[PDB]
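Q: Mind having a look at this structure? Questions to follow.
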Amino acid sequence: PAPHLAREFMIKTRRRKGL
Amino acid sequence: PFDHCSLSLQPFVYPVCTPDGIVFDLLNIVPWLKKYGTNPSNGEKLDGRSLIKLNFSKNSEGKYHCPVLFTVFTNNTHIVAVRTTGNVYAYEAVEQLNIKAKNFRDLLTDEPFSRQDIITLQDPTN
Amino acid sequence: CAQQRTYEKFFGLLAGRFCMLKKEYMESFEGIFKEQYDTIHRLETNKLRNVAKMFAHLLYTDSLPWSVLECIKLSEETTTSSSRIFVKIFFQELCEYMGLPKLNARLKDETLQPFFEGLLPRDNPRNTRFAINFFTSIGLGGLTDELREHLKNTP
Amino acid sequence: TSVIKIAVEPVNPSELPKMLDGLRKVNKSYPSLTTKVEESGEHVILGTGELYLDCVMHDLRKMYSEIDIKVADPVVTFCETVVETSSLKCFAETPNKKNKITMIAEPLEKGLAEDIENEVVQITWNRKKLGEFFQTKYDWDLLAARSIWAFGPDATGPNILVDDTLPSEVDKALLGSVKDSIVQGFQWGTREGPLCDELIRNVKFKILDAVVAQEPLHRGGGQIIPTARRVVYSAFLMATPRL
Amino acid sequence: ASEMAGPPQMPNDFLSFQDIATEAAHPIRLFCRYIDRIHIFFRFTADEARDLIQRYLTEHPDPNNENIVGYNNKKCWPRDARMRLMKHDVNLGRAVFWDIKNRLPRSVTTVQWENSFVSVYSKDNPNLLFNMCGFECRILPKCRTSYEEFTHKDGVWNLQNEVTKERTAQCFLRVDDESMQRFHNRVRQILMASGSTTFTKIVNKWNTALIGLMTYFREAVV
Amino acid sequence: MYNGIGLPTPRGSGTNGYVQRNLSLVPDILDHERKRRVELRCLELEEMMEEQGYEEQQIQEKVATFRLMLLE
Amino acid sequence: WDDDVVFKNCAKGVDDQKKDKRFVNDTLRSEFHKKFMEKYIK
Amino acid sequence: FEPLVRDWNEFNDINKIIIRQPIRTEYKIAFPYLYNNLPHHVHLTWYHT
């Protein structure tokens, strides 16, 4: 839901590239 | 991975970089040469005195982070170190502070280095 | 569920899915425990055991509110032997599932004091004694002692 | 602006050079197509929309490279910003503890940042015209305008680097010396981002206290940049990053 | 073997030791031999695992990192659930196997890597998989990557720590591919051999095959 | 919508192959800030003075009283 | 441990025995037949 | 119709995916080169007539 798309996106982007 | 030996293949206590590129912990590699003058990285026999050290910093959590940029190291990160220094930095900082400039010195100390003394110990792009 | 020969979690989980979809099942299941307990004396011990297991499963899955234990006013007079075996099987089961530690934490958290009232009855010393001894005989010595500590220091 | 992001990789890792020739060919054919290589092993394509990427992959798979390629599902590229002013100073003194930089940060108001993106107030102006523009347009302070050091990530970026430490600011000797690498580290931290490693947007940085090694020799020269970068990230983080 | 069997005056039973010390005094902790299938459960320390992997790489040098290729993990679980092939894990697998296969004179009997299967539980591998009588089982602790815990349909056993009486892991059960193929062939020969039986007898054999399967596996079937 | 379900052909299944959905689905900061507030006041005072008199004594006089007033 | 074990390494120079690369023109003594037989009979 | 013809991967790692809206067969057909691996004999639909 809405409150946590930012947490989700940053986590996913870091697990994708940035580690 | 970064923090794993090669004769043991488990976590490395005191890392000792081989001049070829394979890290191997001396707490193991001492006996491997004391019983076989060859190294496991290549069955071609080699020197022991050639073993350079490696000094890896730690963060507020203790994870082995690069010196200058403070980027916590992972299993994809490209990590190069200065054989003339003994400290290990991220390939990005080492390059774009010694490739953008011409100052092929150290970055943690003012130790000048030879531009052949950077060995890249782990870089997925290879 | 009750008429079967031995338990399997199918019926509990199915009712659980219904009550977890809408409330009316939660309502009807609190009522269910009420009346089932009150008229349990009619079940032969296998179906009584299966009802006891069913309610234990619901309670530890938290499909029923832990309030419903309000009903066991655990005097000696106010309870038939059949009701006593129901409490025995029920509590054996709860302890064997969440473990004595989590069971103890549950029964010892405060907000459920009002409902655990008659279960941990301290007002009248007679049923206090009997309750404690029953709980011991079945083997909940921990809650037993805590309450006896209370009672011995009370007089 | 191409914001849609698509990762590509051949099925048989043996086939990487042919894929790279394919990516060259498609870069040659398409004017705005962006390609990148993410350290984590990815060859990444930046485009504008689903149909754009569809026809790019059409030209890729069918004509330029007849190799078989797996394609990850799309995502967007993000930016990073703040909502609020930094609450305390985190401050980097270079490895040899010779120069200390205290600098804190805050969110820019849309109007300016969009103006910087529109090139209204291009910094190839002189400080006079900058201040004119600024004090006029956004109730900006004039000594502020004189303190406006840089814009960051590249020639025109929404970020703004400004120094305010008057009495020691009158150490304009070693300041005016090192300001170049100071802004180099600013540009680096701003192109590289703390949160996702994405270009940060709409931020104001204020250098408040710069201790400099007397004669800031190669000590300052080389070592100051990573210090400046950690300064940027630390202010940013310290009081309030956001996507 | 004598520590497992216990003193002749007071034997132990299937998997029991007389004391925790004599239980922990060795890498082989459990052993079961069904008529000619062998199931061993090893628990190694860091230094024991290290000595093993040295003594194995010494005598089967692997420079090009080929140890990963031959391995077999189970292609029936999801990808979150089979073994992960990290160099240390696959090397400890093959070292344990290469050690067990040297204890047997080759002229008496042997042991084969293609017919054997080894599973390692590490800090890289949270699931311990194995395959007993006809069942394909996978054990997952709760401390490990089990952020969400649940009960479920009866494919799942909740294993109890007998000392403190609380659930510490779960075993997920499935039917093995060899058993599924056995059942398929049973039916194949019911059909093949049925132009000489009556309808009632064809159904009698279907009924026997199907009770035989369902009453043995029983929740692995689901 | 065929989303990875049902037989790619309902030929050899012994069924019709119908698919429905699961219906049961659901204080150093303070110090810094205070110093800067006076520092911003120092710069504004010095410039204000030079515009209203750059006689350096005029500037120093106005700025000094301003700095002292702020600190107190 | 490892004391009480009877047979030390039984496989020292076991280095792959090139019949898996020979071709014997004899139907019953070939590698294909030996593997077929060993796989299908029990 | 019947299917025209009939291992490991590192992209597919689900911990790396950002799932907002479920990708349906309409999408995979509208953009057969962007939502599809191994498209062979694929005709390209588009029209805005």
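Simple scheme: letters A, B, ... for chains in structure tokens order, numbers from 1 for residues in each chain, numbers from 1 for ligands in the order shown.
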At a cut-off of 12 Å, using only C-alpha atoms, what residues contact region 45-52 of chain F? Leave out same-chain residues fewer than 5 positions from it and give the result as a short mmCIF file (atom, residue, chain, number, x, y, z; two decimals) with N, CA, C and O atoms, in the first residue's frame.

A:
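File written: around_15.cif
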data_model
loop_
_atom_site.label_atom_id
_atom_site.label_comp_id
_atom_site.auth_asym_id
_atom_site.auth_seq_id
_atom_site.Cartn_x
_atom_site.Cartn_y
_atom_site.Cartn_z
N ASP D 141 18.96 36.64 -0.68
CA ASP D 141 19.86 37.59 -0.04
C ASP D 141 21.05 37.89 -0.95
O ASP D 141 21.47 37.05 -1.75
N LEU D 142 21.59 39.10 -0.83
CA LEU D 142 22.62 39.53 -1.78
C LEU D 142 23.98 38.95 -1.43
O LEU D 142 24.72 38.50 -2.31
N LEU D 143 24.35 38.98 -0.15
CA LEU D 143 25.55 38.26 0.27
C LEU D 143 25.41 36.77 0.01
O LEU D 143 26.38 36.10 -0.34
N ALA D 144 24.20 36.23 0.15
CA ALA D 144 23.94 34.88 -0.34
C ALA D 144 24.37 34.74 -1.79
O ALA D 144 25.19 33.87 -2.13
N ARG D 146 26.34 36.41 -3.61
CA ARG D 146 27.79 36.45 -3.72
C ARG D 146 28.42 35.16 -3.22
O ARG D 146 29.54 34.81 -3.59
N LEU D 166 31.69 34.16 7.32
CA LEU D 166 32.29 35.43 6.92
C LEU D 166 33.71 35.66 7.44
O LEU D 166 34.63 35.79 6.60
N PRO D 167 33.98 35.68 8.75
CA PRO D 167 35.29 36.18 9.19
C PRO D 167 36.43 35.33 8.69
O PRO D 167 37.45 35.87 8.26
N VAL F 38 24.21 34.71 14.02
CA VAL F 38 24.98 35.93 14.24
C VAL F 38 25.87 36.22 13.04
O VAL F 38 26.13 37.38 12.71
N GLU F 39 26.38 35.17 12.39
CA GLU F 39 27.28 35.34 11.25
C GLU F 39 26.56 35.95 10.06
O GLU F 39 27.07 36.89 9.42
N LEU F 40 25.38 35.41 9.74
CA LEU F 40 24.47 36.03 8.78
C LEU F 40 24.16 37.47 9.17
O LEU F 40 24.13 38.36 8.32
N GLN F 57 35.14 52.96 9.83
CA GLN F 57 34.80 53.24 11.21
C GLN F 57 33.29 53.19 11.37
O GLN F 57 32.80 52.62 12.35
N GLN F 58 32.56 53.77 10.41
CA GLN F 58 31.11 53.67 10.38
C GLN F 58 30.66 52.22 10.30
O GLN F 58 29.76 51.80 11.03
N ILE F 59 31.33 51.44 9.45
CA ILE F 59 30.98 50.04 9.27
C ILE F 59 31.30 49.24 10.51
O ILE F 59 30.44 48.51 11.04
N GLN F 60 32.53 49.38 11.01
CA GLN F 60 32.96 48.71 12.23
C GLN F 60 32.07 49.09 13.41
O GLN F 60 31.67 48.20 14.16
N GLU F 61 31.69 50.37 13.54
CA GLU F 61 30.85 50.81 14.66
C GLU F 61 29.48 50.15 14.64
O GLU F 61 29.04 49.59 15.65
N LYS F 62 28.80 50.20 13.49
CA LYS F 62 27.47 49.61 13.37
C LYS F 62 27.52 48.09 13.52
O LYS F 62 26.72 47.51 14.26
N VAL F 63 28.49 47.44 12.86
CA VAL F 63 28.64 45.99 12.94
C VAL F 63 28.99 45.55 14.36
O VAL F 63 28.47 44.54 14.84
N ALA F 64 29.87 46.30 15.05
CA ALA F 64 30.29 45.90 16.40
C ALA F 64 29.15 45.96 17.39
O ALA F 64 28.98 45.04 18.20
N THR F 65 28.38 47.06 17.37
CA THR F 65 27.21 47.17 18.24
C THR F 65 26.19 46.09 17.91
O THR F 65 25.60 45.49 18.81
N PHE F 66 26.00 45.81 16.61
CA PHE F 66 25.09 44.75 16.16
C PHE F 66 25.54 43.38 16.65
O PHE F 66 24.73 42.61 17.17
N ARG F 67 26.83 43.07 16.48
CA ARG F 67 27.37 41.78 16.92
C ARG F 67 27.27 41.62 18.43
O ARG F 67 26.90 40.55 18.92
N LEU F 68 27.59 42.68 19.17
CA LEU F 68 27.48 42.66 20.63
C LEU F 68 26.03 42.51 21.08
O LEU F 68 25.75 41.74 22.01
N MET F 69 25.11 43.24 20.43
CA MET F 69 23.68 43.15 20.76
C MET F 69 23.15 41.74 20.53
O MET F 69 22.39 41.21 21.35
N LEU F 70 23.55 41.13 19.41
CA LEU F 70 23.13 39.77 19.08
C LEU F 70 23.65 38.76 20.10
O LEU F 70 22.88 37.92 20.59
#

Q: So that I can see what lies close to residue 40 (chain H), please list as an mmCIF file with C-alpha atoms, in the first residue's frame the residues with an atom at most 12 Å from it, counting only C-alpha atoms and leaving out residues fewer than 5 positions away in the same chain.

A:
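Result saved to result-v9.cif:
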data_model
loop_
_atom_site.group_PDB
_atom_site.id
_atom_site.type_symbol
_atom_site.label_atom_id
_atom_site.label_comp_id
_atom_site.auth_asym_id
_atom_site.auth_seq_id
_atom_site.Cartn_x
_atom_site.Cartn_y
_atom_site.Cartn_z
ATOM 1 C CA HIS D 58 12.854 -5.300 -32.298
ATOM 2 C CA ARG D 61 16.922 -8.994 -31.796
ATOM 3 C CA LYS D 62 15.954 -9.208 -35.422
ATOM 4 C CA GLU D 66 20.391 -12.482 -33.920
ATOM 5 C CA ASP D 68 18.959 -14.679 -27.887
ATOM 6 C CA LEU H 4 3.971 -24.065 -31.681
ATOM 7 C CA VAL H 5 7.057 -25.856 -30.331
ATOM 8 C CA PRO H 32 5.714 -8.746 -27.952
ATOM 9 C CA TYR H 33 9.369 -7.735 -28.085
#

Q: Could you give me, as an mmCIF file with C-alpha atoms, in the first residue's frame, each residue of region 112-205 of chain E that DSSP assigns to alpha helix (DSSP H) when run on this structure's backbone?

A:
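Once everything was written out, this is selection_11.cif:
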data_model
loop_
_atom_site.group_PDB
_atom_site.id
_atom_site.type_symbol
_atom_site.label_atom_id
_atom_site.label_comp_id
_atom_site.auth_asym_id
_atom_site.auth_seq_id
_atom_site.Cartn_x
_atom_site.Cartn_y
_atom_site.Cartn_z
ATOM 1 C CA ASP E 177 9.751 -39.068 -8.349
ATOM 2 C CA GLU E 178 10.668 -42.734 -8.309
ATOM 3 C CA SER E 179 7.499 -43.482 -6.345
ATOM 4 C CA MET E 180 5.358 -41.452 -8.718
ATOM 5 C CA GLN E 181 6.864 -43.354 -11.619
ATOM 6 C CA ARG E 182 6.267 -46.657 -9.854
ATOM 7 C CA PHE E 183 2.576 -45.802 -9.514
ATOM 8 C CA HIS E 184 2.393 -44.733 -13.146
ATOM 9 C CA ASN E 185 3.815 -48.058 -14.254
ATOM 10 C CA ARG E 186 1.445 -49.954 -11.974
ATOM 11 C CA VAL E 187 -1.476 -48.395 -13.781
ATOM 12 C CA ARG E 188 0.232 -48.851 -17.125
ATOM 13 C CA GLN E 189 0.242 -52.569 -16.590
ATOM 14 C CA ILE E 190 -3.303 -52.607 -15.254
ATOM 15 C CA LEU E 191 -4.326 -51.191 -18.620
ATOM 16 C CA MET E 192 -1.902 -53.257 -20.656
ATOM 17 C CA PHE E 199 -14.591 -54.816 -15.536
ATOM 18 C CA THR E 200 -14.968 -55.667 -11.872
ATOM 19 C CA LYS E 201 -11.466 -57.042 -11.741
ATOM 20 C CA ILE E 202 -9.953 -54.079 -13.553
ATOM 21 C CA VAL E 203 -11.536 -51.881 -10.924
ATOM 22 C CA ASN E 204 -10.409 -54.186 -8.142
ATOM 23 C CA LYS E 205 -6.821 -53.672 -9.265
#

Q: Please return, as a ChimeraX atom specification, all residues of chain C lying within 10 Å of chain F when only C-alpha atoms are considered.

A: /C:17-18,20-21

Q: Write the residues of the selection above to a file with N, CA, C and O atoms, as a PDB file, in the first residue's frame.

A:
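Final output, part.pdb:
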ATOM      1  N   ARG C  17     -10.847 -19.721   8.071  1.00  0.00           N
ATOM      2  CA  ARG C  17     -10.903 -18.929   6.848  1.00  0.00           C
ATOM      3  C   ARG C  17     -12.198 -18.140   6.773  1.00  0.00           C
ATOM      4  O   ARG C  17     -12.201 -16.965   6.385  1.00  0.00           O
ATOM      5  N   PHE C  18     -13.305 -18.756   7.168  1.00  0.00           N
ATOM      6  CA  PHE C  18     -14.569 -18.028   7.132  1.00  0.00           C
ATOM      7  C   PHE C  18     -14.573 -16.864   8.123  1.00  0.00           C
ATOM      8  O   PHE C  18     -14.939 -15.736   7.768  1.00  0.00           O
ATOM      9  N   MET C  20     -12.055 -15.349   9.276  1.00  0.00           N
ATOM     10  CA  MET C  20     -11.068 -14.381   8.842  1.00  0.00           C
ATOM     11  C   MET C  20     -11.521 -13.634   7.606  1.00  0.00           C
ATOM     12  O   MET C  20     -10.895 -12.641   7.233  1.00  0.00           O
ATOM     13  N   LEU C  21     -12.591 -14.088   6.963  1.00  0.00           N
ATOM     14  CA  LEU C  21     -13.183 -13.315   5.888  1.00  0.00           C
ATOM     15  C   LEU C  21     -14.171 -12.282   6.407  1.00  0.00           C
ATOM     16  O   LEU C  21     -14.098 -11.117   6.017  1.00  0.00           O
TER      17      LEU C  21
END

Q: Could you pull the residues within 9 Å of residue 9 (chain F), counting only C-alpha atoms, minus those fewer than 2 positions along the same chain, as a PDB file with N, CA and C atoms, in the first residue's frame?

A:
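The new file result_27.pdb reads:
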ATOM      1  N   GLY F   6      -3.808 -23.395 -16.732  1.00  0.00           N
ATOM      2  CA  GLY F   6      -4.510 -24.268 -17.645  1.00  0.00           C
ATOM      3  C   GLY F   6      -3.579 -24.935 -18.644  1.00  0.00           C
ATOM      4  N   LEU F   7      -4.044 -26.053 -19.176  1.00  0.00           N
ATOM      5  CA  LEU F   7      -3.243 -26.825 -20.107  1.00  0.00           C
ATOM      6  C   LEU F   7      -3.022 -26.051 -21.403  1.00  0.00           C
ATOM      7  N   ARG F  11      -5.952 -31.603 -24.064  1.00  0.00           N
ATOM      8  CA  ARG F  11      -6.069 -32.846 -24.817  1.00  0.00           C
ATOM      9  C   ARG F  11      -5.932 -34.076 -23.936  1.00  0.00           C
ATOM     10  N   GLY F  12      -4.718 -34.344 -23.465  1.00  0.00           N
ATOM     11  CA  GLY F  12      -4.378 -35.469 -22.623  1.00  0.00           C
ATOM     12  C   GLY F  12      -4.508 -35.244 -21.133  1.00  0.00           C
ATOM     13  N   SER F  13      -5.580 -34.614 -20.671  1.00  0.00           N
ATOM     14  CA  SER F  13      -5.716 -34.404 -19.239  1.00  0.00           C
ATOM     15  C   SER F  13      -6.783 -35.293 -18.620  1.00  0.00           C
ATOM     16  N   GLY F  17     -10.615 -28.875 -18.747  1.00  0.00           N
ATOM     17  CA  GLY F  17      -9.594 -27.870 -18.599  1.00  0.00           C
ATOM     18  C   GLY F  17     -10.091 -26.503 -18.212  1.00  0.00           C
TER      19      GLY F  17
ATOM     20  N   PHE H   1      -4.767 -22.660 -29.352  1.00  0.00           N
ATOM     21  CA  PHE H   1      -4.187 -23.643 -30.255  1.00  0.00           C
ATOM     22  C   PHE H   1      -3.160 -24.464 -29.492  1.00  0.00           C
ATOM     23  N   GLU H   2      -2.606 -25.458 -30.166  1.00  0.00           N
ATOM     24  CA  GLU H   2      -1.505 -26.208 -29.588  1.00  0.00           C
ATOM     25  C   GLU H   2      -0.232 -25.367 -29.590  1.00  0.00           C
ATOM     26  N   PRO H   3       0.665 -25.577 -28.631  1.00  0.00           N
ATOM     27  CA  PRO H   3       1.905 -24.795 -28.593  1.00  0.00           C
ATOM     28  C   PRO H   3       2.790 -25.078 -29.795  1.00  0.00           C
TER      29      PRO H   3
END

Q: Which residues of region 14-125 of chain B come within 10 Å of region 47-71 of chain E, and what is each one's closest atom pair and distance in Å (one decimal), counting only C-alpha atoms, sorted by chain and residue number, as CSV?

A:
residue,atom,partner,partner_atom,distance
B:28,CA,E:50,CA,9.9
B:32,CA,E:54,CA,9.7
B:40,CA,E:63,CA,8.0
B:41,CA,E:63,CA,7.1
B:42,CA,E:63,CA,7.3
B:43,CA,E:63,CA,8.7

Q: From the list G:39, G:8, G:34, G:29, which residue is nearest chain E when using only C-alpha atoms?

A: G:8

Q: Listing only residues of chain E within 10 Å of chain C, what is the closest atom pair and its distance in Å (to one decimal) for each, using only C-alpha atoms, sorted by chain and residue number ascending, as a tab-separated table?

A:
residue	atom	partner	partner_atom	distance
E:150	CA	C:61	CA	9.5
E:151	CA	C:61	CA	9.1
E:152	CA	C:9	CA	8.5
E:153	CA	C:10	CA	7.5
E:154	CA	C:9	CA	8.1
E:160	CA	C:96	CA	9.7
E:164	CA	C:99	CA	8.1
E:165	CA	C:99	CA	6.3
E:166	CA	C:99	CA	5.7
E:167	CA	C:97	CA	8.4
